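So the structure is just underneath, and the comments pick up after that.
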Amino acid sequence: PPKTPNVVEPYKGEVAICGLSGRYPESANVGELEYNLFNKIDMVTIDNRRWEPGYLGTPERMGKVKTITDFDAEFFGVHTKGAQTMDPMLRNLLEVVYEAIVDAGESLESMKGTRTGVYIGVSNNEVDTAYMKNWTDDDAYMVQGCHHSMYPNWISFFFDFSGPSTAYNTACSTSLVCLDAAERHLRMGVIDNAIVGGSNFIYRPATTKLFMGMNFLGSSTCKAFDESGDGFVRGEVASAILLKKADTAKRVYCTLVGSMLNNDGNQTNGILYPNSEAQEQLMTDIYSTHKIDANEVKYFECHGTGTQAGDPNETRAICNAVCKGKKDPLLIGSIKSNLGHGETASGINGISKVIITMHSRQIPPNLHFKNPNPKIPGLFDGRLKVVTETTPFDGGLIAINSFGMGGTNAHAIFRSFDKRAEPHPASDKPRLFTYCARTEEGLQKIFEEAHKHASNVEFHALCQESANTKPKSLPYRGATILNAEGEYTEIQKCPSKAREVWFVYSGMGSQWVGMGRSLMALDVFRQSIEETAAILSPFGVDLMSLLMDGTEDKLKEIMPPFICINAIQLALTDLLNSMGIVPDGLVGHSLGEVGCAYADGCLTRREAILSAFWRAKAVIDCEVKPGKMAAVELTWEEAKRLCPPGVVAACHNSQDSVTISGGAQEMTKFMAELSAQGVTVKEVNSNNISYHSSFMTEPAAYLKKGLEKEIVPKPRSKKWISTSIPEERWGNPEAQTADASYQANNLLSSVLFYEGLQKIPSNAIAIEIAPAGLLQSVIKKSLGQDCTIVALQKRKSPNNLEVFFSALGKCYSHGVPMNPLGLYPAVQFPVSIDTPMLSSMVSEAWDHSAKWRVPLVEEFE
């Protein structure tokens with residue numbers, strides 16, 4: 001009952017921005033914003049998305065997002081009634097927050113329960129007026145859908161954050177104020193992450209008229225640093241970012257050197273007048289507290305609203321605080337000239353640009369700068385230089401200002417992260433890319449983007465970090481192969497309920513020429529095979545030679561079959577364990593029980609290989625009179641009785657198929673009599689041996705003598721289902737340890753494969769681990785129709801690596817967690833700054849079939 005206090009201690013490490021996502025004017029994702037910025041494409045357009053271009057005399061041009069009527073409510077657990085009475089800003093912010101979380105290499109399960117704080121910045125509240133004009137019952141949910149305080153809390157509620165959730169309203173500069181609050185809470189030890197963000201949508205044209213009444217808005221776009229500047233144009237943003245401690249971040253766009261805030265105080269020019277002295281003092285304080293050399297700043301994201309009285313003051317402060325002592329012009333710029341003014345969200349816009357400028361290593365150009373402002377001296381003395389074209393920002397510090405109305409200023413400094421990517425052993429060999437999404441089209445787009453970056457392993461690791469989300473959240477599970485000779489792609493909707501995974505190990509007969517030759521490409525498989533070969537070398541067996549240069553004459557003998565099949569089984573088990581597949585159940589045929597023991601942990605590699613070697617030796621050392629085995633299509637009760645003395649029934653494959661084994665004479669005669677009656681007595685090669693019969697009495701004992709000194713008894717887990725000792729003796733001591741007694745019993749007693757398969761659920765995913773897919777038909781007939789059956793290898797296939805990857809992809813698509821990247825050396829985090837952004841894929845991979853209510857113009861009159 002007592003609660004352990006949390007350790008709240010000051011943090012002296014680095015704070016890094018990991019994820020970024022958002023909706024920007026004429027941009028549905030960060031990628032579109034970057035493309036438009038770097039192509040000098042104006043994001044402010046003239047149309048009737050919100051209101052007619054000229055309604056009530058408002059300015060025609062405006063910055064508007066693509067759509068605000070879309071929301072994946074079912075993902076966030078919001079019923080239709082709640083979603084309808086929900087601000088579009090909040091819905092877009094939730095989607096953007098999830099996209100940013102995914103971008104930072106995190107997932108729903110990883111971010112759940114963490115000490116993360118939400119610092120949303122929102123000021124617009126026109127939705128209340130729209131929805132309350134014709135208020136009726138069922139609209140009470142507006143308390144939890146429209147109230148500003150719910151913008152962060154919802155984010156905290158869905159993601160299960162347990163940190164300070166707050167909504168700030170500081171006009172412009174709100175985003176930087178929230179960033180400062182997040183830094184304050186991070187450095188004091190209350191939280192480890194932050195979800196700093198903000199949004200701003202336009203609904204009320206009368207609000208635009210009100211702003212124009214105070215001369216805020218101009219005629220044309222925001223001509224920042226231009227002599228013709230006379231105002232700004234309103235814009236829309238729904239962006240958010242994720243902050244973390246640099247020692248735990250898996251991706252670091254940049255580092256937050258420090259942020260500070262202040263107020264212009266009292267002045268004789270009015271409350272709505274920028275104070276250059278206050279901004280200069282703020283810059284001096286921030287650059288002196290952190291000991292940052294002001295001459296080291298490479299780019300400066302200014303609050304270039306384009307107003308005549310604003311730009312000169314800001315620039316004066318910048319070249320009195322930053323340009324003092326600089327030996328080269330300081331590159332200044334502002335994103336307002338590109339996508340207009342974001343108002344409460346304006347700050348975030350700048351941050352976004354910074355991240356872009358800190359990710360692509362290029363400074364986006366500034367639009368509408370034709371004639372420098374004569375009132376701005378720095379543009380003629382060479383101290384300042386507006387970036388009118390793409391510039392190669394190599395590295396350093398970037399400073400951002402978000403001066404807002406009233407006088408509350410905010411400044412922040414970011415340091416570039418220089419970890420240029422280096423080649424990986426992978427990125428040239430086939431790889432398995434597994435992911436999940438809400439829609440099939442989104443998953444297909446994700447796979448296309450992954451193929452586009454098939455040569456990047458850091459991107460694959462970042463995608464993997466959030467590729468194990470439960471089906472309940474992301475139902476569409478898919479798998480593809482990058483750098484594949486043959487195209488492969490599987491996508492399927494997986495039910496919320498989780499199915500049971502059952503490893504199935506096949507027995508003899510799976511031998512062929514080239515078994516596992518292709519799989520040698522993988523490092524883990526080759527290492528496993530080499531370890532087995534080294535273990536078996538002291539006994540005069542060259543596993544390597546048999547596996548690679550072996551011929552059919554090799555498999556004609558008994559010893560090579562056993563050795564090779566078992567080695568392949570151990571290698572496949574090691575591969576599966578490395579990928580992180582935990583088998584909920586284990587079953588195996590004859591000679592496969594050793595593989596089940598090894599995979600269950602009751603047996604070791606050496607013990608299993610030596611058990612197999614002893615099994616083969618017990619038959620190639622003591623004389624065994626010739627015999628045969630056949631595949632009679634009799635029932636167990638039919639076959640077991642039909643066989644004469646000596647001939648017995650060995651393995652219960654399925655509901656109608658039974659092995660029969662006996663002496664070469666007894667057999668031939670009984671098989672012939674059978675063939676007379678309609679029965680498929682299809683004989684099988686056994687090197688003239690009859691396993692699991694009375695003949696195996698002498699070898700089994702010998703086997704025991706061989707294995708009594710090697711196999712250390714160990715408990716058998718409930719996962720492993722014995723196929724040699726019936727259920728009536730499972731509780732008996734003999735069925736507790738897989739010692740030499742178990743090996744002798746399974747080599748002697750009949751194999752109850754059908755009884756073991758009966759225990760498997762009706763919808764379990766059974767993976768057949770063996771050199772070839774033998775028991776596919778038997779297993780399929782055994783379990784039923786609702787179970788998934790996969791074979792890791794195919795006989796005489798031209799490329800077994802592709803078959804293995806396709807099998808794993810299908811298994812994942814049917815809802816089993818796995819780690820495809822576990823077959824290669826782990827990627828060192830944080831990833832290189834060259835890794836692409838994962839936010840765009842999730843942004844374009846949403847389920848937006850339904851359309852929700854949006855404020856209408858007519859509701860504001």
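For neighbour counting, all protein chains shown are included, and Cβ atoms are generated from backbone atoms with ideal geometry for every residue, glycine included. Each value in this text was obtained by applying a stated rule to the coordinates, not by laboratory testing.
So between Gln144 and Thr129, what do we pick up on full extension, going 0.36 nm a residue minus the alpha carbon distance?
Separation in residues times 0.36 nm, less the Cα-Cα distance, equals 3.8 nm.
Contour minus end-to-end for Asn169 and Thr737, with contour as 0.36 nm per residue of separation and end-to-end as the Cα-Cα distance?
197.7 nm
If I model a spin label at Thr668 and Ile620 as a point 7 Å from the Cα along the Cα→Cβ vector, what separation in nanometres do I get?
2.6
Give me the orientation-averaged projected area of the Cα convex hull of the chain, in nm², one decimal.
Over every viewing direction, the Cα hull of the chain projects on average to 44.2 nm².
Measuring from a point 7 Å past the Cα of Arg605 along Cα-to-C-beta, which residues in region 538-571 have an amide N at less than 11 Å?
Answer for region 538-571: 570-571.
Just to verify a number: FRET efficiency for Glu557 and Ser717, C-beta to C-beta distance, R0 = 35 Å, to 0.05?
0.50
Restricting to Cα pairs below 8 Å that are 6+ residues apart, what does the relative contact order work out to for region 677-746? Please round to a whole percent.
38
Do any of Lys617/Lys719; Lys12/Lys245; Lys112/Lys810; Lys223/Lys326 go past 19 Å between their Cα atoms, and which?
In this structure, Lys617/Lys719; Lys112/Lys810; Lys223/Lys326 exceed 19 Å between Cα atoms.
How far apart, in nanometres, would the label points at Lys327 and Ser675 be if each is projected 7 angstrom from Cα along the Cα-to-Cβ direction?
9.7
Counting only the backbone N, which residues of region 613-648 are under 20 Å from the spot 7 Å out from the Cα of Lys780 toward its beta-carbon?
633
If you add up the charges near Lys851, with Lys and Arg at +1 and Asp and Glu at -1, over every other residue whose beta carbon is less than 14 angstrom from its beta carbon, what do you get?
0
For region 132-280, what does the alpha-carbon gyration tensor say about shape, rounded, prolate or oblate, given a ≥ b ≥ c as the root eigenvalues, a/c under 1.5 as rounded, and a/b over b/c as prolate?
It comes out oblate by the Cα gyration axes.
Return the ratio Rg/(2.2 N^0.38 Å) for region 479-551, where Rg is computed over Cα atoms only.
On the way: Rg = 17.6 Å, N = 73, 2.2 N^0.38 = 11.2 Å.
So the Cα radius of gyration is 1.57 times the expected 2.2 N^0.38 Å.
Return the subset of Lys327/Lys370; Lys40/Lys452; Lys327/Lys385 for which the Cα-Cα distance in this structure is over 22 Å, preserving the input order.
Beyond 22 Å: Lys327/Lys370; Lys40/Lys452.
For a label point 7 Å from the Cα of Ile725 along Cα→C-beta, name the residues of region 681-709 whose backbone N is under 18 Å from it.
Within reach of a label on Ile725: 700-701, 703-705, 707-709.
For labels at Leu56 and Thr80 in the simple 7 Å Cα→Cβ model, what's the distance in nm?
Here the answer is 3.2 nm between the modelled labels.
When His460, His79, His451, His368 are ordered from fewest to most other Cβ atoms inside 10 Å of their Cβ, what list results?
Going from least to most buried by this count: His79, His451, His368, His460.
Counting DSSP beta bridges with both partners in the chain, what percentage is antiparallel, nearest 5? Let's see the in-between values first.
Details: 53 of 88 bridges.
Among the beta bridges of the chain, antiparallel pairing accounts for roughly 60 percent.
Could you tell me what percent of the DSSP beta bridges with both partners in region 534-676 are antiparallel, to the nearest 5?
100
Of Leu821, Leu555, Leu775, how do they rank once you tally other Cβ atoms within 10 Å and put the fewest first? Intermediate values should be presented prior to the final figure.
Values: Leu821 24, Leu555 19, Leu775 27.
So the ranking, lowest neighbour count to highest, is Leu555, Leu821, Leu775.
Using only DSSP helix segments of four residues or longer, with each worth -39500 (n - 2.57), what per-residue ellipticity at 222 nm results for the chain after dividing by its residue count and rounding to 500?
Values: 30 runs with 291 residues, N = 861.
Value at 222 nm, helices only, nearest 500: -10000 deg cm²/dmol.
If R₀ is 35 angstrom, what is the calculated FRET efficiency for the pair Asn295 and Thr248, using the beta carbon separation as r and rounding to 0.05?
0.60
Mind checking the dipole of the chain: about its Cα centre, +1 per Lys or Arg Cβ, -1 per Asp or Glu Cβ, Debye to the nearest 20?
My answer is approximately 780 debye.
What is the chain's relative contact order, in percent, from Cα pairs under 8 angstrom and six or more apart in sequence?
The normalised contact order for the chain reaches 15 percent.
Take the Cα atoms of region 163-245, build their convex hull, and give its volume per residue in Å³.
Expressed per residue, the convex hull around the Cα atoms of region 163-245 is 124 Å³.
Kindly put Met43, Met132 in sequence by how many other C-beta atoms sit within 10 Å of each C-beta, fewest to most. Don't skip to the end; give the middle numbers.
On the way: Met43 23, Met132 12.
The fewest-first ordering by Cβ neighbours comes to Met132, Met43.
Quick check: residue separation of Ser455 and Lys796 times 0.36 nm, minus the Cα distance between them. What number comes out in nm?
Here the answer is 119.8 nm.
Taking the alpha-carbon distance from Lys497 and a cut-off under 16 Å, which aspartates and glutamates remain once sequence neighbours fewer than 8 residues away in the same chain are dropped?
Correct list for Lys497: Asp584, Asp786.
With just the Cα atoms defining each centre, how far is region 404-468 from region 785-861? Give it in Å.
The two parts, judged by their Cα centres, are 13 Å apart.
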